[PDB]
Each structure stands twice: as structure tokens, then as C-alpha cells.
file query00.pdb (PDB, N, CA and C atoms)
ATOM      1  N   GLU A   1      52.204  67.457  49.236
ATOM      2  CA  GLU A   1      53.629  67.184  49.373
ATOM      3  C   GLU A   1      54.391  68.460  49.729
ATOM      4  N   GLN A   2      53.982  69.573  49.115
ATOM      5  CA  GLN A   2      54.650  70.846  49.359
ATOM      6  C   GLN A   2      54.549  71.243  50.827
ATOM      7  N   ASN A   3      53.353  71.115  51.407
ATOM      8  CA  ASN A   3      53.162  71.523  52.794
ATOM      9  C   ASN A   3      53.995  70.668  53.742
ATOM     10  N   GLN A   4      54.062  69.358  53.494
ATOM     11  CA  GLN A   4      54.808  68.487  54.398
ATOM     12  C   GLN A   4      56.313  68.696  54.254
ATOM     13  N   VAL A   5      56.800  68.912  53.030
ATOM     14  CA  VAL A   5      58.226  69.195  52.883
ATOM     15  C   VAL A   5      58.564  70.539  53.517
ATOM     16  N   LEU A   6      57.641  71.503  53.464
ATOM     17  CA  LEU A   6      57.873  72.772  54.144
ATOM     18  C   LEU A   6      57.887  72.592  55.656
ATOM     19  N   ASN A   7      57.014  71.731  56.182
ATOM     20  CA  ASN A   7      57.054  71.418  57.608
ATOM     21  C   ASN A   7      58.384  70.777  57.992
ATOM     22  N   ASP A   8      58.893  69.885  57.141
ATOM     23  CA  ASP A   8      60.194  69.274  57.395
ATOM     24  C   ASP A   8      61.291  70.331  57.430
ATOM     25  N   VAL A   9      61.293  71.228  56.441
ATOM     26  CA  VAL A   9      62.233  72.348  56.448
ATOM     27  C   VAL A   9      62.125  73.111  57.762
ATOM     28  N   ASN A  10      60.894  73.446  58.151
ATOM     29  CA  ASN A  10      60.666  74.197  59.379
ATOM     30  C   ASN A  10      61.329  73.516  60.567
ATOM     31  N   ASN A  11      61.010  72.240  60.788
ATOM     32  CA  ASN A  11      61.496  71.572  61.993
ATOM     33  C   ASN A  11      63.013  71.413  61.958
ATOM     34  N   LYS A  12      63.562  70.981  60.818
ATOM     35  CA  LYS A  12      65.012  70.850  60.701
ATOM     36  C   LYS A  12      65.708  72.162  61.043
ATOM     37  N   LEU A  13      65.301  73.246  60.376
ATOM     38  CA  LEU A  13      65.995  74.516  60.541
ATOM     39  C   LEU A  13      65.818  75.064  61.948
ATOM     40  N   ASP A  14      64.617  74.945  62.520
ATOM     41  CA  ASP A  14      64.407  75.435  63.877
ATOM     42  C   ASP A  14      65.264  74.669  64.877
ATOM     43  N   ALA A  15      65.328  73.342  64.744
ATOM     44  CA  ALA A  15      66.170  72.555  65.638
ATOM     45  C   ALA A  15      67.628  72.985  65.534
ATOM     46  N   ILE A  16      68.159  73.036  64.311
ATOM     47  CA  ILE A  16      69.571  73.371  64.156
ATOM     48  C   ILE A  16      69.840  74.784  64.663
ATOM     49  N   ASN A  17      68.898  75.703  64.442
ATOM     50  CA  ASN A  17      69.116  77.088  64.840
ATOM     51  C   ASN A  17      69.076  77.244  66.355
ATOM     52  N   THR A  18      68.199  76.505  67.039
ATOM     53  CA  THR A  18      68.234  76.551  68.496
ATOM     54  C   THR A  18      69.510  75.910  69.029
ATOM     55  N   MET A  19      70.031  74.890  68.341
ATOM     56  CA  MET A  19      71.335  74.353  68.722
ATOM     57  C   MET A  19      72.416  75.426  68.615
ATOM     58  N   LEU A  20      72.413  76.184  67.516
ATOM     59  CA  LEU A  20      73.396  77.258  67.363
ATOM     60  C   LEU A  20      73.229  78.313  68.453
ATOM     61  N   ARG A  21      71.979  78.664  68.765
ATOM     62  CA  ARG A  21      71.708  79.598  69.853
ATOM     63  C   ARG A  21      72.325  79.110  71.154
ATOM     64  N   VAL A  22      72.151  77.823  71.458
ATOM     65  CA  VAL A  22      72.734  77.265  72.676
ATOM     66  C   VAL A  22      74.256  77.335  72.618
ATOM     67  N   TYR A  23      74.833  77.080  71.444
ATOM     68  CA  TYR A  23      76.284  76.940  71.347
ATOM     69  C   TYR A  23      76.997  78.279  71.505
ATOM     70  N   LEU A  24      76.566  79.299  70.762
ATOM     71  CA  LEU A  24      77.386  80.506  70.630
ATOM     72  C   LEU A  24      77.716  81.173  71.963
ATOM     73  N   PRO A  25      76.758  81.430  72.857
ATOM     74  CA  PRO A  25      77.110  82.062  74.141
ATOM     75  C   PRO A  25      78.201  81.326  74.893
ATOM     76  N   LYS A  26      78.237  79.996  74.789
ATOM     77  CA  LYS A  26      79.315  79.235  75.409
ATOM     78  C   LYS A  26      80.665  79.674  74.862
ATOM     79  N   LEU A  27      80.768  79.819  73.538
ATOM     80  CA  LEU A  27      82.024  80.263  72.944
ATOM     81  C   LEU A  27      82.382  81.669  73.405
ATOM     82  N   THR A  28      81.393  82.564  73.473
ATOM     83  CA  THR A  28      81.674  83.919  73.942
ATOM     84  C   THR A  28      82.251  83.899  75.354
ATOM     85  N   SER A  29      81.598  83.170  76.262
ATOM     86  CA  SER A  29      82.074  83.108  77.639
ATOM     87  C   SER A  29      83.450  82.459  77.718
ATOM     88  N   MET A  30      83.688  81.432  76.899
ATOM     89  CA  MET A  30      84.990  80.777  76.896
ATOM     90  C   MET A  30      86.084  81.744  76.468
ATOM     91  N   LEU A  31      85.824  82.550  75.435
ATOM     92  CA  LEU A  31      86.825  83.520  75.001
ATOM     93  C   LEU A  31      87.068  84.578  76.070
ATOM     94  N   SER A  32      86.004  85.052  76.722
ATOM     95  CA  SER A  32      86.188  86.025  77.797
ATOM     96  C   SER A  32      87.059  85.443  78.907
ATOM     97  N   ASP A  33      86.794  84.193  79.289
ATOM     98  CA  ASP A  33      87.586  83.560  80.339
ATOM     99  C   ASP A  33      89.031  83.364  79.896
ATOM    100  N   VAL A  34      89.242  83.040  78.619
ATOM    101  CA  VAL A  34      90.600  82.884  78.104
ATOM    102  C   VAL A  34      91.356  84.202  78.193
ATOM    103  N   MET A  35      90.694  85.307  77.849
ATOM    104  CA  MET A  35      91.350  86.608  77.949
ATOM    105  C   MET A  35      91.667  86.953  79.400
ATOM    106  N   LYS A  36      90.739  86.662  80.314
ATOM    107  CA  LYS A  36      91.015  86.883  81.731
ATOM    108  C   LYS A  36      92.221  86.067  82.190
ATOM    109  N   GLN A  37      92.323  84.822  81.724
ATOM    110  CA  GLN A  37      93.445  83.974  82.114
ATOM    111  C   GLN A  37      94.756  84.496  81.538
ATOM    112  N   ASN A  38      94.722  85.022  80.313
ATOM    113  CA  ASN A  38      95.917  85.638  79.749
ATOM    114  C   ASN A  38      96.343  86.851  80.566
ATOM    115  N   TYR A  39      95.375  87.639  81.039
ATOM    116  CA  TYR A  39      95.712  88.767  81.904
ATOM    117  C   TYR A  39      96.339  88.288  83.210
ATOM    118  N   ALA A  40      95.806  87.204  83.777
ATOM    119  CA  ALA A  40      96.407  86.630  84.978
ATOM    120  C   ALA A  40      97.849  86.203  84.720
ATOM    121  N   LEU A  41      98.101  85.575  83.570
ATOM    122  CA  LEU A  41      99.466  85.199  83.215
ATOM    123  C   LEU A  41     100.361  86.428  83.095
ATOM    124  N   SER A  42      99.836  87.508  82.517
ATOM    125  CA  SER A  42     100.610  88.743  82.427
ATOM    126  C   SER A  42     100.989  89.251  83.812
ATOM    127  N   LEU A  43     100.046  89.211  84.753
ATOM    128  CA  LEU A  43     100.357  89.637  86.116
ATOM    129  C   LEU A  43     101.422  88.742  86.742
ATOM    130  N   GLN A  44     101.306  87.428  86.540
ATOM    131  CA  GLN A  44     102.322  86.515  87.057
ATOM    132  C   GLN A  44     103.699  86.847  86.494
ATOM    133  N   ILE A  45     103.769  87.166  85.201
ATOM    134  CA  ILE A  45     105.063  87.466  84.597
ATOM    135  C   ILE A  45     105.605  88.793  85.110
ATOM    136  N   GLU A  46     104.732  89.763  85.383
ATOM    137  CA  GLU A  46     105.200  90.999  86.005
ATOM    138  C   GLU A  46     105.778  90.726  87.389
ATOM    139  N   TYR A  47     105.133  89.840  88.151
ATOM    140  CA  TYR A  47     105.684  89.457  89.448
ATOM    141  C   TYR A  47     107.047  88.789  89.288
ATOM    142  N   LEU A  48     107.187  87.925  88.280
ATOM    143  CA  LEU A  48     108.486  87.313  88.012
ATOM    144  C   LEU A  48     109.538  88.368  87.700
ATOM    145  N   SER A  49     109.170  89.385  86.920
ATOM    146  CA  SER A  49     110.129  90.433  86.583
ATOM    147  C   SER A  49     110.545  91.211  87.824
ATOM    148  N   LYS A  50     109.599  91.467  88.730
ATOM    149  CA  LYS A  50     109.953  92.122  89.987
ATOM    150  C   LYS A  50     110.914  91.261  90.799
ATOM    151  N   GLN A  51     110.650  89.955  90.868
ATOM    152  CA  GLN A  51     111.563  89.049  91.559
ATOM    153  C   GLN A  51     112.959  89.116  90.953
ATOM    154  N   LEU A  52     113.041  89.114  89.622
ATOM    155  CA  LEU A  52     114.342  89.166  88.965
ATOM    156  C   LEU A  52     115.052  90.487  89.222
ATOM    157  N   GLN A  53     114.310  91.591  89.301
ATOM    158  CA  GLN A  53     114.942  92.863  89.631
ATOM    159  C   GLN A  53     115.504  92.844  91.048
ATOM    160  N   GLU A  54     114.745  92.295  91.998
ATOM    161  CA  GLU A  54     115.272  92.150  93.351
ATOM    162  C   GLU A  54     116.525  91.281  93.359
TER     163      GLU A  54
ATOM    164  N   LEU B   1      61.329  75.919  46.701
ATOM    165  CA  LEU B   1      61.298  75.527  48.107
ATOM    166  C   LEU B   1      62.211  74.334  48.365
ATOM    167  N   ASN B   2      62.254  73.380  47.433
ATOM    168  CA  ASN B   2      63.199  72.273  47.555
ATOM    169  C   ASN B   2      64.638  72.777  47.541
ATOM    170  N   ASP B   3      64.922  73.770  46.697
ATOM    171  CA  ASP B   3      66.255  74.364  46.670
ATOM    172  C   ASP B   3      66.592  74.996  48.014
ATOM    173  N   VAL B   4      65.660  75.777  48.562
ATOM    174  CA  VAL B   4      65.844  76.337  49.900
ATOM    175  C   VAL B   4      66.150  75.222  50.892
ATOM    176  N   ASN B   5      65.339  74.163  50.860
ATOM    177  CA  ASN B   5      65.517  73.042  51.773
ATOM    178  C   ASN B   5      66.940  72.509  51.710
ATOM    179  N   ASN B   6      67.395  72.143  50.511
ATOM    180  CA  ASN B   6      68.694  71.486  50.401
ATOM    181  C   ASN B   6      69.825  72.438  50.782
ATOM    182  N   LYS B   7      69.787  73.676  50.275
ATOM    183  CA  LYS B   7      70.812  74.652  50.634
ATOM    184  C   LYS B   7      70.919  74.801  52.146
ATOM    185  N   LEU B   8      69.790  75.084  52.801
ATOM    186  CA  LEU B   8      69.820  75.385  54.226
ATOM    187  C   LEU B   8      70.207  74.161  55.041
ATOM    188  N   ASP B   9      69.706  72.980  54.673
ATOM    189  CA  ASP B   9      70.075  71.774  55.407
ATOM    190  C   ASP B   9      71.568  71.497  55.292
ATOM    191  N   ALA B  10      72.127  71.620  54.085
ATOM    192  CA  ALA B  10      73.560  71.409  53.913
ATOM    193  C   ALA B  10      74.361  72.381  54.770
ATOM    194  N   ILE B  11      74.065  73.677  54.656
ATOM    195  CA  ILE B  11      74.855  74.659  55.392
ATOM    196  C   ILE B  11      74.696  74.452  56.893
ATOM    197  N   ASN B  12      73.494  74.073  57.336
ATOM    198  CA  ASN B  12      73.254  73.913  58.763
ATOM    199  C   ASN B  12      73.972  72.688  59.314
ATOM    200  N   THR B  13      74.037  71.599  58.544
ATOM    201  CA  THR B  13      74.828  70.463  59.005
ATOM    202  C   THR B  13      76.314  70.803  59.009
ATOM    203  N   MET B  14      76.763  71.655  58.083
ATOM    204  CA  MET B  14      78.139  72.140  58.153
ATOM    205  C   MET B  14      78.383  72.891  59.459
ATOM    206  N   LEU B  15      77.461  73.783  59.830
ATOM    207  CA  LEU B  15      77.612  74.514  61.089
ATOM    208  C   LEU B  15      77.616  73.561  62.280
ATOM    209  N   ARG B  16      76.733  72.560  62.252
ATOM    210  CA  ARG B  16      76.712  71.542  63.297
ATOM    211  C   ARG B  16      78.073  70.874  63.433
ATOM    212  N   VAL B  17      78.671  70.488  62.305
ATOM    213  CA  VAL B  17      79.989  69.862  62.344
ATOM    214  C   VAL B  17      81.021  70.827  62.912
ATOM    215  N   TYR B  18      80.916  72.109  62.557
ATOM    216  CA  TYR B  18      81.969  73.061  62.902
ATOM    217  C   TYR B  18      81.977  73.386  64.392
ATOM    218  N   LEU B  19      80.817  73.727  64.955
ATOM    219  CA  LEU B  19      80.802  74.344  66.285
ATOM    220  C   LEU B  19      81.469  73.492  67.362
ATOM    221  N   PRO B  20      81.158  72.202  67.509
ATOM    222  CA  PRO B  20      81.822  71.407  68.556
ATOM    223  C   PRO B  20      83.335  71.451  68.472
ATOM    224  N   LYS B  21      83.887  71.543  67.260
ATOM    225  CA  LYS B  21      85.329  71.693  67.115
ATOM    226  C   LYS B  21      85.812  72.948  67.826
ATOM    227  N   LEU B  22      85.108  74.066  67.632
ATOM    228  CA  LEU B  22      85.495  75.303  68.304
ATOM    229  C   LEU B  22      85.381  75.164  69.816
ATOM    230  N   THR B  23      84.313  74.523  70.295
ATOM    231  CA  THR B  23      84.171  74.331  71.737
ATOM    232  C   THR B  23      85.357  73.557  72.304
ATOM    233  N   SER B  24      85.698  72.431  71.671
ATOM    234  CA  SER B  24      86.813  71.621  72.154
ATOM    235  C   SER B  24      88.126  72.388  72.070
ATOM    236  N   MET B  25      88.312  73.167  71.002
ATOM    237  CA  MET B  25      89.534  73.949  70.863
ATOM    238  C   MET B  25      89.663  74.965  71.990
ATOM    239  N   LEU B  26      88.564  75.638  72.339
ATOM    240  CA  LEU B  26      88.621  76.604  73.432
ATOM    241  C   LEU B  26      88.904  75.915  74.763
ATOM    242  N   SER B  27      88.282  74.760  75.003
ATOM    243  CA  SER B  27      88.566  74.029  76.236
ATOM    244  C   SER B  27      90.046  73.664  76.320
ATOM    245  N   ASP B  28      90.612  73.184  75.210
ATOM    246  CA  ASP B  28      92.023  72.818  75.203
ATOM    247  C   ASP B  28      92.909  74.043  75.402
ATOM    248  N   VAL B  29      92.515  75.183  74.832
ATOM    249  CA  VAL B  29      93.283  76.411  75.017
ATOM    250  C   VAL B  29      93.292  76.815  76.485
ATOM    251  N   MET B  30      92.144  76.702  77.155
ATOM    252  CA  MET B  30      92.094  77.036  78.576
ATOM    253  C   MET B  30      92.954  76.078  79.393
ATOM    254  N   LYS B  31      92.912  74.786  79.061
ATOM    255  CA  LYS B  31      93.776  73.827  79.744
ATOM    256  C   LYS B  31      95.248  74.182  79.553
ATOM    257  N   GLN B  32      95.620  74.600  78.342
ATOM    258  CA  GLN B  32      97.008  74.959  78.075
ATOM    259  C   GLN B  32      97.408  76.217  78.837
ATOM    260  N   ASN B  33      96.488  77.174  78.964
ATOM    261  CA  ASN B  33      96.769  78.355  79.776
ATOM    262  C   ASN B  33      96.983  77.973  81.235
ATOM    263  N   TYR B  34      96.200  77.017  81.738
ATOM    264  CA  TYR B  34      96.413  76.544  83.104
ATOM    265  C   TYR B  34      97.780  75.879  83.245
ATOM    266  N   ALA B  35      98.179  75.096  82.242
ATOM    267  CA  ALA B  35      99.513  74.500  82.260
ATOM    268  C   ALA B  35     100.594  75.575  82.303
ATOM    269  N   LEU B  36     100.428  76.638  81.513
ATOM    270  CA  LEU B  36     101.379  77.745  81.550
ATOM    271  C   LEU B  36     101.418  78.390  82.929
ATOM    272  N   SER B  37     100.253  78.542  83.562
ATOM    273  CA  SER B  37     100.216  79.095  84.912
ATOM    274  C   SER B  37     101.015  78.229  85.878
ATOM    275  N   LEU B  38     100.865  76.908  85.775
ATOM    276  CA  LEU B  38     101.637  76.017  86.638
ATOM    277  C   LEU B  38     103.132  76.154  86.371
ATOM    278  N   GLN B  39     103.519  76.230  85.096
ATOM    279  CA  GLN B  39     104.927  76.424  84.766
ATOM    280  C   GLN B  39     105.465  77.709  85.384
ATOM    281  N   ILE B  40     104.678  78.784  85.338
ATOM    282  CA  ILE B  40     105.148  80.051  85.886
ATOM    283  C   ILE B  40     105.231  79.988  87.405
ATOM    284  N   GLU B  41     104.326  79.252  88.053
ATOM    285  CA  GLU B  41     104.454  79.055  89.494
ATOM    286  C   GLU B  41     105.736  78.301  89.826
ATOM    287  N   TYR B  42     106.074  77.293  89.021
ATOM    288  CA  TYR B  42     107.339  76.592  89.222
ATOM    289  C   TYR B  42     108.523  77.537  89.045
ATOM    290  N   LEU B  43     108.457  78.414  88.042
ATOM    291  CA  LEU B  43     109.510  79.410  87.862
ATOM    292  C   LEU B  43     109.635  80.305  89.089
ATOM    293  N   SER B  44     108.503  80.719  89.660
ATOM    294  CA  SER B  44     108.550  81.579  90.837
ATOM    295  C   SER B  44     109.177  80.852  92.019
ATOM    296  N   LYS B  45     108.877  79.561  92.171
ATOM    297  CA  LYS B  45     109.522  78.783  93.226
ATOM    298  C   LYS B  45     111.028  78.707  93.008
ATOM    299  N   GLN B  46     111.451  78.477  91.762
ATOM    300  CA  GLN B  46     112.878  78.472  91.453
ATOM    301  C   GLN B  46     113.520  79.801  91.828
ATOM    302  N   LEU B  47     112.858  80.908  91.491
ATOM    303  CA  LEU B  47     113.410  82.222  91.804
ATOM    304  C   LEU B  47     113.481  82.463  93.306
ATOM    305  N   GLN B  48     112.506  81.961  94.065
ATOM    306  CA  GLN B  48     112.582  82.096  95.517
ATOM    307  C   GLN B  48     113.760  81.308  96.076
ATOM    308  N   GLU B  49     113.971  80.088  95.581
ATOM    309  CA  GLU B  49     115.145  79.328  96.001
ATOM    310  C   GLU B  49     116.429  80.074  95.653
TER     311      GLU B  49
END
call {"tool": "encode", "arguments": {"input": "query00.pdb", "output": "C-alpha cells"}}
result
Amino acid sequence: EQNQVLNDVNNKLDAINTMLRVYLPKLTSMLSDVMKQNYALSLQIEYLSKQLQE
Amino acid sequence: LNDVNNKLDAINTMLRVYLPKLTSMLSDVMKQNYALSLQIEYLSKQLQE
């Protein structure tokens, strides 16, 4: 019984951990893209400020 | 070993529940940033007029 319950632990944890491995890089890339988009918005607002100065 | 099993399974199902929420939240944040970009383009058109 001990060996089979340990096998169950093994498979459960390995599956969930590979799911986490798949997930995390997606979040990292999403945050990087969000920061890039915020920088783009900053540039747009600087252009707006130049327009207002003109 | 049973204690290890239950602890790790519980925490791992918690992580499973959590992560998709973060993914959806980031997608919605990016969509909202795109909406802000469109609003600012409309502002620029107003300023050109």
C-alpha cells in the first residue's frame, strides 16, 4: 500500500508541477508586454503634451 | 508519507485554482491598456481638430 500511495503522490505532484512550469512563463511574458504597453502609453501622452504646447 | 501526500495535494490544488485567475487578470489588464490607447488616439484626433 505504501509503494502505491507513493506512486500516486509522485504522479499527482509531477503533473501539477509541470502545469505550474507551463503557466509561470506565460505570466512573466504577459507582465513584460504590459510594461511595454504602459511605456507606449507614456509616449502617446508625451505626444499629446507636445500637441497642447503647440 | 500520508501527511506529505495530503499537504502537497491540498497546496497544489490551491495553486491550480489560483494561476488561471492571474492569467485572466493579466489578459484583461492588457485589453484595458488597449482601450486606453484607443482613448488617447481619440484625444489626439480631438486636438488635431
call {"tool": "resolve_selection", "arguments": {"input": "query00.pdb", "expression": "the ChimeraX specification (/A :<7) & /B", "output": "ChimeraX atom specification"}}
result
/B:5,8,12,22-23,26,29-30,33,37,40,44,47
call {"tool": "write_last_selection", "arguments": {"input": "query00.pdb", "atoms": "N, CA and C atoms", "output": "short mmCIF file (atom, residue, chain, number, x, y, z; two decimals), in the coordinates of the input"}}
result
data_model
loop_
_atom_site.label_atom_id
_atom_site.label_comp_id
_atom_site.auth_asym_id
_atom_site.auth_seq_id
_atom_site.Cartn_x
_atom_site.Cartn_y
_atom_site.Cartn_z
N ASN B 5 65.34 74.16 50.86
CA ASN B 5 65.52 73.04 51.77
C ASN B 5 66.94 72.51 51.71
N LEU B 8 69.79 75.08 52.80
CA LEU B 8 69.82 75.39 54.23
C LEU B 8 70.21 74.16 55.04
N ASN B 12 73.49 74.07 57.34
CA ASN B 12 73.25 73.91 58.76
C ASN B 12 73.97 72.69 59.31
N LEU B 22 85.11 74.07 67.63
CA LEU B 22 85.50 75.30 68.30
C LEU B 22 85.38 75.16 69.82
N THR B 23 84.31 74.52 70.30
CA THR B 23 84.17 74.33 71.74
C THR B 23 85.36 73.56 72.30
N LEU B 26 88.56 75.64 72.34
CA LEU B 26 88.62 76.60 73.43
C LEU B 26 88.90 75.92 74.76
N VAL B 29 92.52 75.18 74.83
CA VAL B 29 93.28 76.41 75.02
C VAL B 29 93.29 76.82 76.48
N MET B 30 92.14 76.70 77.16
CA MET B 30 92.09 77.04 78.58
C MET B 30 92.95 76.08 79.39
N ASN B 33 96.49 77.17 78.96
CA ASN B 33 96.77 78.36 79.78
C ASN B 33 96.98 77.97 81.24
N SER B 37 100.25 78.54 83.56
CA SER B 37 100.22 79.10 84.91
C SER B 37 101.02 78.23 85.88
N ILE B 40 104.68 78.78 85.34
CA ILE B 40 105.15 80.05 85.89
C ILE B 40 105.23 79.99 87.40
N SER B 44 108.50 80.72 89.66
CA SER B 44 108.55 81.58 90.84
C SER B 44 109.18 80.85 92.02
N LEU B 47 112.86 80.91 91.49
CA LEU B 47 113.41 82.22 91.80
C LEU B 47 113.48 82.46 93.31
#
call {"tool": "atom_distance", "arguments": {"input": "query00.pdb", "atom1": "atom C of residue 29 in chain A", "atom2": "atom C of residue 38 in chain B"}}
result
22.4 Å
call {"tool": "atom_distance", "arguments": {"input": "query00.pdb", "atom1": "CA of residue 4 in chain B", "atom2": "CA of residue 1 in chain A"}}
result
15.3 Å
call {"tool": "atom_distance", "arguments": {"input": "query00.pdb", "atom1": "CA of residue 39 in chain B", "atom2": "CA of residue 43 in chain A"}}
result
14.0 Å
